[PDB]
Amino acid sequence: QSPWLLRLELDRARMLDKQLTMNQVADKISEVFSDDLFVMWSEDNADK
Amino acid sequence: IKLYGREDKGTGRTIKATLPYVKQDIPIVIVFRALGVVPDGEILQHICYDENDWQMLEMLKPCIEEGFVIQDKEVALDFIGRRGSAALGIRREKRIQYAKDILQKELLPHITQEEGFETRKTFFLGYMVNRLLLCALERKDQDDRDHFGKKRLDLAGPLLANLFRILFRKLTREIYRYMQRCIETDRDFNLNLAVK
Amino acid sequence: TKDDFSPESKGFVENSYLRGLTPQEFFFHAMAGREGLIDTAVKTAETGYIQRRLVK
Amino acid sequence: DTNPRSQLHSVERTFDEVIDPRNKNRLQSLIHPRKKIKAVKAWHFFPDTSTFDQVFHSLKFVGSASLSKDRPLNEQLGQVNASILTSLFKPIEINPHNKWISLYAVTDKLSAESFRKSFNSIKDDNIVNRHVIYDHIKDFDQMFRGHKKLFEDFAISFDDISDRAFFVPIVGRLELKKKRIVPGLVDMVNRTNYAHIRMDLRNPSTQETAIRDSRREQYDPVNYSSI
Amino acid sequence: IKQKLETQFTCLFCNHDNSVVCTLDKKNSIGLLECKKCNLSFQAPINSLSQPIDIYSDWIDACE
Amino acid sequence: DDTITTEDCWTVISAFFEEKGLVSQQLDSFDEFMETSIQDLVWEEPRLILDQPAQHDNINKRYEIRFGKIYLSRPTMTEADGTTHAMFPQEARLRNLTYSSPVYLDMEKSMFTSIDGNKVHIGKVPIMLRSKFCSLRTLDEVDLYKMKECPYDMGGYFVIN
Amino acid sequence: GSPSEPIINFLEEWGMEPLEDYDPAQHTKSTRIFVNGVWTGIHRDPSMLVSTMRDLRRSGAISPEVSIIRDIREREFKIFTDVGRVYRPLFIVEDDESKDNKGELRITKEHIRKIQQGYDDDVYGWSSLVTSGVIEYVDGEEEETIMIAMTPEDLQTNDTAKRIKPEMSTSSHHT
Amino acid sequence: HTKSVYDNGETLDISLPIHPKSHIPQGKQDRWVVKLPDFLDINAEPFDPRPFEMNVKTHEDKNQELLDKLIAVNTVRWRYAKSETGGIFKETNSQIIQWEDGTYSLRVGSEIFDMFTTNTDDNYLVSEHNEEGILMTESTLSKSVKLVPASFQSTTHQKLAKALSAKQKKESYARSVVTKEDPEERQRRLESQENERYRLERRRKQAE
Amino acid sequence: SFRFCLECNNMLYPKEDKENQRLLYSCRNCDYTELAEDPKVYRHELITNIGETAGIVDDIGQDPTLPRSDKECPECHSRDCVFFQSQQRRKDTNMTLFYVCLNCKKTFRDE
Ligand SMILES: [Zn+2]
Ligand SMILES: [Zn+2]
Ligand SMILES: [Zn+2]
């Protein structure tokens with residue numbers, strides 16, 4: 222693995238409006254990139 | 056001064072300037088170094104006026120990355136001269152002199168024409184790039200083409216001046232040709248016959 | 679004044695033709711009439727071309 | 002008032018209406034035409050006699066060549082520093098196309114301070130042989146712009162004890178920019194400048210002093226004319 | 140990817156014109172000028188913005 | 038003071054039209070062109086230079102001619118017989134002439150040699166009516182009738198053929 | 051069309067400093083100055099400069115057709131002496147706060163009677179009005195930065211036939 | 091670590107002649123560079139009333155004469171003043187006035203010109219030694235000072251405004267002239283003569 | 002805001018030391034290298050708000066074409082104020098007003 226961290230902040234308001242789940246986004250990224258990227262996602266109760 | 060690269064397309068958003076009597080577009084960093092400002096910090100000082108404006112800085116990053124290959128004044132002048140649409144096979148020294156001619160003159164002629172007076176041209180290039188980026192960042196509306204304060208009206212004066220300039224240049228060329236033809240006889244031409 | 683969105687500041691002619699138009703309303707109404715004239719004089723050629731193509 | 006007599010009379014009237022700096026009452030009488038504010042202090046405006054023979058140039062650093070911007074250079078030369086106030090410049094030109102300026106300074110603070118004190122206290126005819134060694138620091142590219150008129154620019158120096166202000170002419174302006182030496186020319190570069198320069202302080206020769214006095218005779222002939 | 144282009148430059152050994160072909164390889168950052176008649180080969184380094192005029196000028200400078 | 042009414046605004050507008058007129062821009066532009074623009078157009082390229090290194094004894098001869106002042110005249114008519122006389126716009130209109138005036142240029146010729154010219158006529162410029170170089174700028178009101186010119190005519194146009 | 055050399059001389063005389071004495075980091079608040087489209091210098095107190103230039107133009111020292119524009123939003127101060135700019139005359143309202151005549155037309159009945167007579171009381175025509183500072187010309191670009199009243203009745207704060215004037219209640223006060 | 095390029099150690103034993111200074115700055119080697127306006131001039135020469143009166147020039151051009159008068163009356167000058175005790179003293183017509191706000195003003199006679207100061211860094215004054223080809227520093231130019239007229243009502247400003255306003259009023263380059271004959275007569279007569287000598291030359295060449 | 006080389010003036014690019022596992026900024030035309038203080042190498046904002054209130058000048062109160070209101074200043078509590086809408090002019094820009102007093106020039110809203 223590489224030390225280079227790539228993170229991005231999702232707008233909570235529009236994420237809720239689109240009725241999406243953080244797990245769903247992570248699953249989509251994993252499916253499109255297989256196991257080439259290790260992905261962690263914050264819980265829905267996080268501030269951001 | 057064209058800004059290449061669409062929104063999320065064309066990789067970097069490079070900026071290529073178009074100069075008179077030059078066949079191909081040239082990146083802005085190269086022309087800046089050609090005018091005689093080689094360090095990147097000085098170029099950024101010339102272009103921007105607020106270091107906190109990270110958006111214009113990240114817009115400028117691809118231009119610096121592209122122009123990093125050239126790192127000296129003389130090599131930049133040679134690159135400008137190579138595409139200067141002049142005769143093919145011109146030597147490097149003559150290429151540099153041709154670039155200096157095409158850079159001092161014919162490049163923003165309304166600013167100045169004399170030697171050692173190119174700092175103002177660099178500052179005006181900075182102003183133009185600043186305006187281009189400022190409109191690209193949607194911070195300002197694009198200049199209105201129909202704004203009547205940006206129009207001019209040509210009355211009898213300017214129109215007659217243009218026509219008379221053309222006709223007088225034609226008369227001067229005719230006098231020149233007649234002089235060349237008549238010197239062969241080595242005669243004291245009246246100069247009242249050369250004119251038509 | 680700058681940033682004025684009132685009805686009279688963006689082309690609402692409050693008066694009638696009998697009552698008469700103020701200079702600002704006069705200019706705005708002239709702008710609208712010019713647009714009408716231009717639209718007619720431009721669409722006529724496009725319509726003529728369309729009808730010729732249809733007939734052919 | 003185009004009459005030459007009128008112009009001369011205006012000249013003597015202007016000469017006569019000079020306010021005495023010691024006169025506090027007359028100084029307070031003067032009021033700014035627009036600010037309507039009283040005057041506090043005054044200084045006579047005089048030219049400088051001992052410095053007209055020399056040639057003065059305004060030297061400036063352009064862009065990144067700023068000494069304040071160059072943090073390691075400022076740290077080495079001291080964070081007003083006497084080393085800057087005693088620096089030497091050596092213009093060397095290999096050819097018309099290639100030109101640069103060489104900068105030298107005194108790294109030691111004690112030597113620079115002693116040299117500055119000796120230089121600024123030259124009012125007698127005894128100068129100690131201060132063999133001060135100057136070390137090269139940096140080189141810059143140079144451009145020069147000349148003044149068409151003699152006194153286009155003038156620098157003003159003050160003297161509170163005498164209530165005067167001495168001004169000196171400025172001949173031209175010299176601009177310096179940071180120059181990156183081409184790796185292919187360092188061989189000739191090492192043969193151009195020097196690592197050290199030694200300055201020896203000696204009293205000026207009689208002939209050179211007479212030449213300088215003859216040059217100054219244009220300005221002040223009462224105290225310097227040859228007999 | 141090597142790129143082969145026909146150029147209208149003049150060979151300085153054979154003096155035949157329109158017999159110069161420029162071969163530049165961006166992968167290895169090299170550019171080759173070959174005379175279709177003289178069979179002479181000129182090699183020079185190239186950059187990302189290099190063009191056949193650049194290699195031609197380099198050849199001219201090398202020749203003199 | 039006292040308030041300003043609409044009638045005072047119309048007094049000011051009357052003053053404006055009394056000074057300027059309705060075609061003042063045409064006449065002003067033409068006067069500017071004739072007074073200064075022609076001379077500057079000539080001086081834009083003030084030198085024609087020919088040189089010759091004669092070896093036929095190296096004698097480098099430079100032949101250079103310079104353009105000097107511009108001399109203008111009132112419009113004039115030159116008949117076929119040869120006589121020339123002042124021309125007025127009515128005669129030009131009736132006879133299908135052109136209301137134009139000659140332009141004279143001073144040319145100075147120099148013969149530079151190192152071993153190592155008067156008012157020439159260059160053309161005729163048409164004259165805008167009622168401008169500074171028109172014959173009707175003077176003549177007052179009475180003489181304008183004798184020349185068969187309408188006093189209500191405002192000028193601002195040329196007469197070509 | 052007018053020569054721009056007097057404008058440059060006045061600007062240099064009144065404190066404008068040229069470009070070679072300019073550093074973007076230092077003068078982070080100075081105002082640029084354009085003359086006929088070329089950037090000629092910078093200034094740090096544009097208000098007094100524009101006031102001086104406008105007063106000079108009104109006094110006749112500068113040609114009345116010279117366009118003087120100040121763009122406060124963009125920190126620019128443009129000047130035009132170009133040929134071919136369409137202008138038109140306007141009355142001048144005394145807008146100096148320090149003046150007792152604030153918010154009133156400069157032209158008075160004395161000027162009207164002088165115009166009617168045709169001479170001053172120790173030829174008085176339109177040009178005299180323009181050079182006496184009561185009327186000035188503005189072009190399409192200077193109009194962006196001015197506030198015009200439609201009628202002299204607009205300068206101060208139930209019929210079925212007469213027309214209705216704009217209320218203009220968005221602004222508490224007008225200058 | 092950018093290693094020092096120069097390590098030869100070669101040293102020059104050059105000794106410079108230095109002259110004593112008539113004055114010495116106290117507390118700070120600071121000087122102010124001041125741009126000279128067109129309406130202000132410096133006359134370093136001592137004032138000589140008789141040559142000045144005998145060398146006053148009168149010109150037809152009113153604008154040039156007024157500008158010369160203004161610059162002459164505003165020129166900074168100095169002269170030797172004989173003291174009442176028999177000594178000689180340097181007397182000047184120019185002074186510097188500092189107001190309560192701290193601003194400085196240059197005064198010549200009754201005229202007052204304000205000073206606008208802008209701080210400048212890395213700007214120094216040097217002394218040129220041409221015979222040795224080296225530059226010796228003198229002091230630091232901390233501030234750049236501009237000279238501005240105090241007010242509109244100042245006589246200098248009014249004279250400048252008058253001169254510049256009437257300077258651009260005079261513009262008439264083309265000079266009128268009266269044509270007495272056909273402007274094309276010279277061309278046709280010279281063409282006739284040229285054709286005549288062409289015929290004569292052709293006959294001579296055929297006979298030669 | 003990005004830094005530049007202190008002796009070459011060129012732009013310093015981020016770099017990682019394999020043996021030290023530290024972030025460094027290194028010039029490309031010179032061997033100069035300086036330690037990185039912050040880990041935020043790069044940041045891109047999909048939705049941004051800069052340019053909305055940054056368009057402020059000290060002499061905005063000298064514009065005669067700007068409307069004058071009577072909103073109360075939080076700082077000076079003056080009776081005279083000048084207001085304008087957002088300088089940023091994207092197609093989806095809000096119409097909120099920014100009020101500037103003539104003494105303190107503080108920008109605030111009625112929200
Ligand atoms: Zn060959
Ligand atoms: Zn570097
Ligand atoms: Zn307040």
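These protein sequences, in sequence, are chains V, C, G, A, X, W, E, R and B. Counting in our numbering, the first sequence runs from 222 upward without gaps. Counting in our numbering, the second sequence runs from 56 upward without gaps. Counting in our numbering, the third sequence runs from 679 upward without gaps. Counting in our numbering, the fourth sequence runs from 2 upward without gaps. Counting in our numbering, the fifth sequence runs from 140 upward without gaps. Counting in our numbering, the sixth sequence runs from 38 upward without gaps. Counting in our numbering, the seventh sequence runs from 51 upward without gaps. Counting in our numbering, the eighth sequence runs from 91 upward without gaps. Counting in our numbering, the ninth sequence runs from 2 upward without gaps. Built from N, CA and C at the ideal position, the CB exists for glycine as well.
Check: Using the Cα positions of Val172/A and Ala201/X, report the straight-line distance between them to the nearest angstrom.; Outcome: 45 Å
Check: Answer yes or no: do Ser168/W and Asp68/W have a C-beta to C-beta separation smaller than 8 Å?; Outcome: yes
Check: Under a criterion of Cβ closer than 6 Å to any non-hydrogen atom of ligand 3, which residues qualify, in chain order?; Outcome: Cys74/B, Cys77/B, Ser79/B, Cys102/B, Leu103/B, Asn104/B, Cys105/B
Check: Between the C-alpha atoms of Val160/X and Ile125/C, what's the straight-line distance to the nearest angstrom?; Outcome: 26 Å
Check: Which residue from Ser2/B, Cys77/B, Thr66/B puts its Cα closest to that of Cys103/C?; Outcome: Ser2/B
Check: Excluding the five sequence neighbours on either side, which residues of its own chain have a C-beta within less than 8 Å of the C-beta of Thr230/R, listed in chain order?; Outcome: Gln119, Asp120, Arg121, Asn213, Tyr214, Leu215
Check: In whole angstroms, give me the CA-to-CA distance for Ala211/A and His109/R.; Outcome: 12 Å
Check: Between the alpha carbons of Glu190/R and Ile32/A, how many angstroms are there, rounded?; Outcome: 10 Å
Check: Helix, strand or coil: how does DSSP classify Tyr153/C here?; Outcome: helix
Check: Leaving out five residues before and five after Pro117/C in sequence, what residues of the same chain have Cβ atoms less than 7 Å from its Cβ?; Outcome: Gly67, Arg68, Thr69
Check: Can you give, in chain order, each stretch of the beta strand (DSSP E) that sits fully within the region 108-162 of chain A and has at least 3 residues?; Outcome: 133-147, 154-160
Check: Taking DSSP's pairing of strands, which residues face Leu177/A in a bridge?; Outcome: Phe62/A, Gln143/A
Check: For ligand 2, is there a heavy atom less than 7 Å away from the beta-carbon of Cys6/B?; Outcome: yes
Check: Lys176/C and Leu90/C - do their beta-carbons sit closer together than 8 Å?; Outcome: yes
Check: On the DSSP bridge list, what partners appear for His122/W?; Outcome: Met114/W
Check: Going by C-alpha to C-alpha distance, which of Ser226/A, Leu89/A, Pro205/A sits closest to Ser215/A?; Outcome: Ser226/A
Check: Taking a contact to mean a Cβ-Cβ separation below 8 Å, would you say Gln8/A touches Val163/R in this structure?; Outcome: yes
Check: Given a cut-off of 8 Å on the beta-carbon distance, is the pair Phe203/R and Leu196/R in contact?; Outcome: yes
Check: Counting beta carbon pairs with one atom in the region 195-213 of chain C and one in the region 116-134 of chain E, are three or more of them shorter than 8 Å?; Outcome: yes
Check: Can you check whether the C-beta of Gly144/C is within less than 8 Å of a C-beta belonging to chain E?; Outcome: no
Check: Counting only beta-carbon separations shorter than 8 Å, does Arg137/C have a partner in chain X?; Outcome: yes
Check: Using 7 Å as the cut-off, classify the Cβ of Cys103/C as near or not near the heavy atoms of ligand 4, replying yes or no.; Outcome: The ligand content of the structure shown is limited to ligand 1, ligand 2 and ligand 3, which means ligand 4 is not among them.
Check: If I measure Cβ to Cβ from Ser244/R and keep anything under 8 Å in the same chain, skipping five residues before and after, which residues do I get?; Outcome: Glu201, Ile202
Check: So, is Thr201/E buried or exposed, given that buried needs 16 or more other C-beta atoms within 10 angstroms?; Outcome: exposed
Check: Give the DSSP bridge partners of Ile107/W, in chain order.; Outcome: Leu142/W
Check: Run through chain W and tell me which residues come within less than 9 Å of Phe87/C, C-beta to C-beta.; Outcome: Here the premise fails: no neighbours, minimum Cβ distance about 33 Å.
Check: Could you run through the region 253-285 of chain R and flag, in chain order, every residue whose CB is less than 7 Å away from some CB of chain C?; Outcome: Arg276, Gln277, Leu280, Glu281, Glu284
Check: How is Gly160/W classed by DSSP in three states: helix, strand or coil?; Outcome: strand
Check: What are the partner residues of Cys171/W, as DSSP defines its beta bridges?; Outcome: Bridge partners of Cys171/W: none, in fact.
Check: Less than 8 Å between the CB atoms is what I'm expecting for residue 53/C and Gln79/C, so what's the real figure, rounded?; Outcome: The structure shown does not extend to residue 53/C, since chain C is modelled only from 56 through 251, so no value can be given for it.
Check: Taking the continuous alpha helix (DSSP H) assigned at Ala216/C, which residues delimit it?; Outcome: 211-238
Check: Roughly how many angstroms separate the alpha carbons of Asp188/A and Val95/R, rounded to a whole number?; Outcome: 10 Å
Check: Starting from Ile85/A, follow the alpha helix (DSSP H) in both directions and report where the run begins and ends.; Outcome: 83-86
Check: Return the CA-CA distance between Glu62/C and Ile92/E, expressed in angstroms with no decimal places.; Outcome: 35 Å
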